[PDB]
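Q: File name target-v9.txt; file contents compact mmCIF, C-alpha atoms; full text below.
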# COMPACT_ATOMS: atom_id res chain seq x y z
CA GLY E 13 -114.65 27.38 106.91
CA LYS E 14 -112.81 27.80 103.60
CA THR E 15 -114.23 27.15 100.16
CA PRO E 16 -112.75 24.81 97.49
CA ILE E 17 -111.68 27.91 95.54
CA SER E 18 -109.56 29.24 98.40
CA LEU E 19 -108.37 25.75 99.30
CA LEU E 20 -107.27 25.03 95.73
CA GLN E 21 -105.69 28.48 95.71
CA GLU E 22 -103.67 27.90 98.90
CA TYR E 23 -102.59 24.35 98.07
CA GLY E 24 -101.76 25.24 94.47
CA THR E 25 -99.55 28.17 95.47
CA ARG E 26 -97.72 26.03 98.02
CA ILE E 27 -96.79 23.35 95.46
CA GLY E 28 -96.17 25.76 92.58
CA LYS E 29 -99.44 25.24 90.74
CA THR E 30 -101.60 28.33 91.35
CA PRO E 31 -105.01 27.68 89.79
CA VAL E 32 -105.92 29.66 86.69
CA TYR E 33 -109.50 29.88 85.40
CA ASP E 34 -110.61 30.33 81.76
CA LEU E 35 -114.18 31.23 80.85
CA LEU E 36 -115.05 28.77 78.12
CA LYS E 37 -118.79 29.27 77.64
CA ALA E 38 -121.27 31.96 78.66
CA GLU E 39 -124.77 31.30 77.30
CA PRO E 45 -127.44 31.99 82.15
CA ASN E 46 -124.95 29.12 82.17
CA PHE E 47 -121.19 29.50 82.55
CA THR E 48 -118.54 26.94 81.73
CA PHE E 49 -115.15 27.42 83.34
CA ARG E 50 -111.95 25.45 83.07
CA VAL E 51 -109.48 25.60 85.95
CA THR E 52 -105.84 24.66 85.40
CA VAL E 53 -103.57 23.64 88.26
CA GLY E 54 -100.15 23.13 86.74
CA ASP E 55 -100.61 20.01 84.56
CA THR E 56 -104.15 19.18 85.72
CA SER E 57 -107.35 20.70 84.33
CA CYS E 58 -111.09 20.17 84.59
CA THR E 59 -114.31 22.02 83.85
CA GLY E 60 -117.27 23.16 85.90
CA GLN E 61 -120.57 24.82 85.05
CA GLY E 62 -122.91 27.03 87.04
CA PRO E 63 -125.45 29.93 87.12
CA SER E 64 -122.71 32.49 87.79
CA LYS E 65 -119.00 32.85 87.06
CA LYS E 66 -118.06 32.15 90.69
CA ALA E 67 -120.50 29.27 91.00
CA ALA E 68 -118.89 27.65 87.96
CA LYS E 69 -115.33 28.33 89.22
CA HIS E 70 -116.50 26.80 92.49
CA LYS E 71 -117.52 23.53 90.82
CA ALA E 72 -114.37 23.30 88.73
CA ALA E 73 -112.25 23.89 91.86
CA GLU E 74 -114.18 21.30 93.88
CA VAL E 75 -113.49 18.65 91.24
CA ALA E 76 -109.83 19.52 90.79
CA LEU E 77 -109.48 19.45 94.58
CA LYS E 78 -110.94 15.94 94.86
CA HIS E 79 -108.74 14.70 92.03
CA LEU E 80 -105.48 16.22 93.23
CA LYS E 81 -105.99 15.37 96.88
When written as structure tokens, how does the structure in this file appear?
A:
Amino acid sequence: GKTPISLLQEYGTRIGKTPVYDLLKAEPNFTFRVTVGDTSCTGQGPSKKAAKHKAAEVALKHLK
């Protein structure tokens, strides 16, 4: 019952690529970029966590 955020977190730390999030846009709509080592993608959402959730989901699908 773990979320993409915690999954990305756990995987990332195991392979030496702990995810880092950067708030890009806050206009409410938030745009966050997540970076996992060399890989990066963006996600948007109604709240900071919601946006980090989307970014993580995408990076998770791509990586694995």
Q: Grab all the atoms of segment 20-30 of chain E that the file lists, wrap them in a box along x, y and z, add 3 Å per side, and give me centre plus edge lengths in Å (one decimal) as lines of an AutoDock Vina configuration file.
A:
center_x = -101.7
center_y = 25.9
center_z = 94.8
size_x = 17.1
size_y = 11.1
size_z = 14.2
Q: Just the residues within 12 Å of segment 16-26 of chain E, please, counting only C-alpha atoms, with nothing from its chain fewer than 4 positions along; format it as a list in words.
A: residues 30, 31, 32, 33, 51, 52, 53, 54, 55, 56, 66, 67, 68, 69, 70, 71, 72, 73, 74, 75, 76, 77, 78, 79, 80 and 81 of chain E
Q: Could you check how far atom CA of residue 28 of chain E sits from atom CA of residue 15 of chain E, in Å to one decimal?
A: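 Taking atom CA of residue 28 of chain E and atom CA of residue 15 of chain E, their separation equals 19.6 Å.
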Q: What is the distance between atom CA of residue 62 of chain E and atom CA of residue 29 of chain E, in Å to one decimal?
A: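 Interatomic distance, atom CA of residue 62 of chain E to atom CA of residue 29 of chain E: 23.8 Å.
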Q: Rounded to one decimal place, report the atom CA of residue 27 of chain E-atom CA of residue 65 of chain E distance in Å.
A: 25.6 Å
Q: Given the block above, output segment 45-67 of chain E with N, CA and C atoms as a CSV table (one decimal), in the first residue's frame.
A:
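Printed below is decode.csv as written:
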chain,number,residue,atom,x,y,z
E,45,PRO,N,-5.6,26.8,-7.4
E,45,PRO,CA,-4.1,26.9,-7.5
E,45,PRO,C,-3.5,25.7,-8.2
E,46,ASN,N,-2.5,26.0,-9.1
E,46,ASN,CA,-1.8,24.9,-9.8
E,46,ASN,C,-0.3,24.9,-9.6
E,47,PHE,N,0.2,23.8,-9.2
E,47,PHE,CA,1.6,23.6,-8.9
E,47,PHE,C,2.3,22.8,-10.0
E,48,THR,N,3.5,23.2,-10.3
E,48,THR,CA,4.3,22.4,-11.3
E,48,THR,C,5.6,22.1,-10.6
E,49,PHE,N,5.8,20.8,-10.4
E,49,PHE,CA,7.0,20.3,-9.8
E,49,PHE,C,7.8,19.4,-10.7
E,50,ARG,N,9.1,19.5,-10.6
E,50,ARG,CA,10.1,18.7,-11.4
E,50,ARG,C,10.7,17.8,-10.3
E,51,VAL,N,10.8,16.5,-10.7
E,51,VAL,CA,11.5,15.6,-9.8
E,51,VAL,C,12.7,15.1,-10.5
E,52,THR,N,13.8,14.9,-9.8
E,52,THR,CA,15.1,14.5,-10.5
E,52,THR,C,15.5,13.3,-9.7
E,53,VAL,N,15.8,12.2,-10.5
E,53,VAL,CA,16.3,11.0,-10.0
E,53,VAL,C,17.6,10.7,-10.7
E,54,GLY,N,18.7,11.2,-10.1
E,54,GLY,CA,20.0,11.0,-10.7
E,54,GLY,C,20.1,11.8,-12.0
E,55,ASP,N,20.1,11.1,-13.1
E,55,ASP,CA,20.1,11.7,-14.5
E,55,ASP,C,18.8,12.0,-15.1
E,56,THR,N,17.7,11.3,-14.6
E,56,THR,CA,16.4,11.4,-15.1
E,56,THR,C,15.5,12.5,-14.4
E,57,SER,N,14.7,13.2,-15.2
E,57,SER,CA,13.9,14.2,-14.6
E,57,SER,C,12.6,14.3,-15.4
E,58,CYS,N,11.5,14.7,-14.8
E,58,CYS,CA,10.2,14.9,-15.4
E,58,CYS,C,9.4,15.8,-14.5
E,59,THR,N,8.3,16.3,-15.1
E,59,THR,CA,7.5,17.3,-14.4
E,59,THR,C,6.0,16.7,-14.2
E,60,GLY,N,5.4,17.3,-13.1
E,60,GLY,CA,4.0,16.9,-12.8
E,60,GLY,C,3.3,18.1,-12.3
E,61,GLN,N,2.0,18.2,-12.5
E,61,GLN,CA,1.2,19.3,-12.0
E,61,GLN,C,0.1,18.8,-11.2
E,62,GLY,N,-0.4,19.7,-10.3
E,62,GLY,CA,-1.5,19.3,-9.5
E,62,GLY,C,-2.0,20.4,-8.6
E,63,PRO,N,-3.2,20.3,-8.0
E,63,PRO,CA,-3.9,21.2,-7.1
E,63,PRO,C,-3.1,21.6,-5.8
E,64,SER,N,-2.2,20.7,-5.4
E,64,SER,CA,-1.4,20.9,-4.2
E,64,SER,C,0.0,20.5,-4.4
E,65,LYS,N,1.0,20.9,-3.6
E,65,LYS,CA,2.4,20.6,-3.8
E,65,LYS,C,2.6,19.0,-3.8
E,66,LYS,N,1.9,18.3,-2.8
E,66,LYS,CA,2.1,16.9,-2.8
E,66,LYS,C,1.4,16.2,-4.0
E,67,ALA,N,0.3,16.7,-4.4
E,67,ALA,CA,-0.4,16.1,-5.5
E,67,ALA,C,0.5,16.2,-6.8
